[PDB]
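Presented below is the structure to which this report refers.
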Amino acid sequence: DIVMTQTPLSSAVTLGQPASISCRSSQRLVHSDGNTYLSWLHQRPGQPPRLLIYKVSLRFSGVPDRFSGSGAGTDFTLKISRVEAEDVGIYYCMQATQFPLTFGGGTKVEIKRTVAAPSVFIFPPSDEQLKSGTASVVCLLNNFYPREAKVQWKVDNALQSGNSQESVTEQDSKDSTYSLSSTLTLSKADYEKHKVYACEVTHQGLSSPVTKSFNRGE
Amino acid sequence: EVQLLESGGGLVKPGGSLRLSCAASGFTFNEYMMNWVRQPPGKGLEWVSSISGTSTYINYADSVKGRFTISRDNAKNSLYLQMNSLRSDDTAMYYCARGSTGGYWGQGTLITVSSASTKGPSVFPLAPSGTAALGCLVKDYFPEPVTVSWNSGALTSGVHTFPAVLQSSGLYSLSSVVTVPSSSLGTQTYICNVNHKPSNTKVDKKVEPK
Amino acid sequence: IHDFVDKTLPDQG
């Protein structure tokens, strides 16, 4: 079996600047017909892969010429001559020279943009959810960069540890930012024992942490 | 244009079986090898199986050999995958794909192999308090996926639908949020349209200011 | 060219 070793695992690139992805085959990649069959694909979240390059260096219809592929023997490369915001996502090499067909492990491309502080919003539980016996409290960090952020929940000044879950979007294909949600879930019986619900956000773009809070029921 | 569309996925218990289908159009079907490729949660692409144009050559990944059977019906422009003795680690998005280049793919269909049962979500408003934010919390569902739109597709700018999180209960939850002009609150209506096809649960929830 | 290349069969193991 031909193992495709794809590097780097992730690459962060300034807008308009070049990017390069390498895939090395465990053995010389040559078909009985003399050619080499290797493709490069790009996949966005929630979408099928899209073909960029096939047969090592041929561009698929619709693919802009800033993408190119090259290589021979065991070393193959995808080049992006100038990255655009929409180039974020995961790139894969695929060899279809010999069964079993195999893929590289993927490379995630990130666009490096200027620091952007999150806008922070807190959402109390709905009356409908409370009536059913549960309280979910949501903290939203919107449109920030870079991805690193810290969110801390406090309930009547008690730091919550293990009572919340976070989700982060993939990098936006237009503005190159991230968004994040953190959800604290409690029973109604527990929720109604406390007054102040607060989320405190730390991020490089904030000179000091931002807190959003509410009082239960008022 | 070339079209490929998968069907037959869904939730099944360990040890169970499913049959995937892929309907093709827009090309001469019997001139091309056809393939199944899968993508486990959080992982890369992995080839599953291939079948040449007139079924002469059939190939399988070692991890599915003896359990999965690929076939095609050229008169019906259809590709099949019979999947037996399924295991939790067969959970993945399954794609059909044409040929040897990776140029044409279906949209994929999710196979979840789990002892957990189907459950539809509850949908709760995230009510808005410059720029305001509002959303909907889509809580306690299984299996994936759910889809969310806003205002029946009329509202797309500023929407973020977060990746689902598996709660410690074994059920998924996600939120979808949108940022909107504060001046629009209480004037423009905002409705989140949630569809959890595995449970046949569809909800349109109005999100009103506190 | 793509359709022609896409008809190629990978070599067997």
Side-chain angles (χ1 to χ4, degrees), chain A residues 1-11 18-43 49-60 63 65 67-81 90-109, chain B residues 31-39 43-53 56-65 70 95 97-105, chain C residues 2-13:
Chain A
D1 305 2
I2 301 169
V3 175
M4 302 304 301
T5 298
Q6 185 174 341
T7 57
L9 255 294
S10 62
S11 183
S20 183
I21 301 172
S22 299
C23 295
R24 176 165 289 178
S25 57
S26 61
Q27 62 187 259
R28 184 182 179 74
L29 200 64
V30 178
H31 193 267
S32 59
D33 73 11
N35 298 322
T36 297
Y37 298 109
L38 179 141
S39 297
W40 290 99
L41 309 165
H42 180 202
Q43 189 178 30
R50 305 305 181 188
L51 182 61
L52 302 174
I53 304 293
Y54 65 102
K55 201 184 174 184
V56 179
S57 58
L58 298 183
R59 298 190 176 97
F60 190 54
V63 173
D65 66 3
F67 295 93
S68 65
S70 69
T74 63
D75 290 354
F76 301 89
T77 309
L78 177 68
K79 293 179 185 189
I80 312 175
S81 67
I90 302 177
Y91 295 77
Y92 297 97
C93 63
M94 183 185 76
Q95 72 84 19
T97 297
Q98 187 176 46
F99 287 107
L101 310 189
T102 52
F103 292 87
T107 299
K108 182 176 285 183
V109 170
Chain B
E31 292 179 357
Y32 296 86
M33 183 176 67
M34 291 295 303
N35 318 271
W36 293 101
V37 173
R38 72 183 178 186
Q39 184 160 38
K43 298 181 72 144
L45 301 170
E46 181 171 88
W47 168 76
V48 179
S49 182
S50 298
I51 184 163
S52 65
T56 309
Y57 303 105
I58 288 176
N59 291 84
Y60 298 101
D62 275 1
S63 63
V64 309
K65 207 182 188 186
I70 193 171
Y95 295 97
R98 190 187 84 170
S100 54
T101 66
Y104 299 101
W105 296 73
Chain C
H2 175 259
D3 281 347
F4 177 79
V5 173
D6 206 23
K7 294 174 185 179
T8 305
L9 298 182
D11 290 329
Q12 293 289 313

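Any value given below was found using the heavy atoms of this structure, including those in side chains, with hydrogens, waters and symmetry copies removed. Throughout, a chain's letter reflects where its sequence line sits, starting with A, and its residues are numbered from 1.
A donor atom on one side chain and an acceptor atom on the other are not found under 3.5 Å apart for A/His31 and C/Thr8. A side-chain donor from one of A/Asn35 and A/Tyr37 sits under 3.5 Å from a side-chain acceptor of the other. Side-chain contact of B/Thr101 with C/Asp6: a donor-acceptor pair under 3.5 Å is present, judged by distance alone.
Sorted by first and then second residue, the pairs that involve residues 71-80 of chain A and meet salt bridge (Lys or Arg N to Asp or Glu O under 4.0 Å), not counting sequence neighbours, are A/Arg24-A/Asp75. Applying the salt bridge (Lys or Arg N to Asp or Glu O under 4.0 Å) test to pairs two or more places apart or on separate chains, none has a residue in residues 90-103 of chain A.
The CG atom of A/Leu38 sits 13.0 Å away from the NZ atom of A/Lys55 when rounded to the nearest 0.5 Å.
Put simply, the side chain of B/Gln39 does not reach to within 4.5 Å of the side chain of B/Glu46, judged on heavy atoms.
The shortest heavy-atom contact between B/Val64 and B/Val48 is CG2-O, 3.8 Å. Considering every non-hydrogen atom in both A/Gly106 and A/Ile90, the closest pair reads CA-CG2, 4.0 Å.
Remark: aromatic rings of B/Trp47 and A/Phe99 are close, center separation under 6.0 Å.
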**Request:** Decide side-chain contact (heavy atoms from CB on, under 4.5 Å) for A/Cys23 and A/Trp40; before the verdict, give the C-alpha distance in whole Å, the side-chain angles of both, and the deciding distance to 0.1 Å.
**Result:** CA-CA 10 Å; A/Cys23 295; A/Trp40 290 99; 2.7 Å; yes

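Listed by chain and residue number, A/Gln6 satisfy the side-chain hydrogen bond (donor to acceptor under 3.5 Å, both in side chains) test with A/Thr107 (two or more places apart in sequence, or in another chain).
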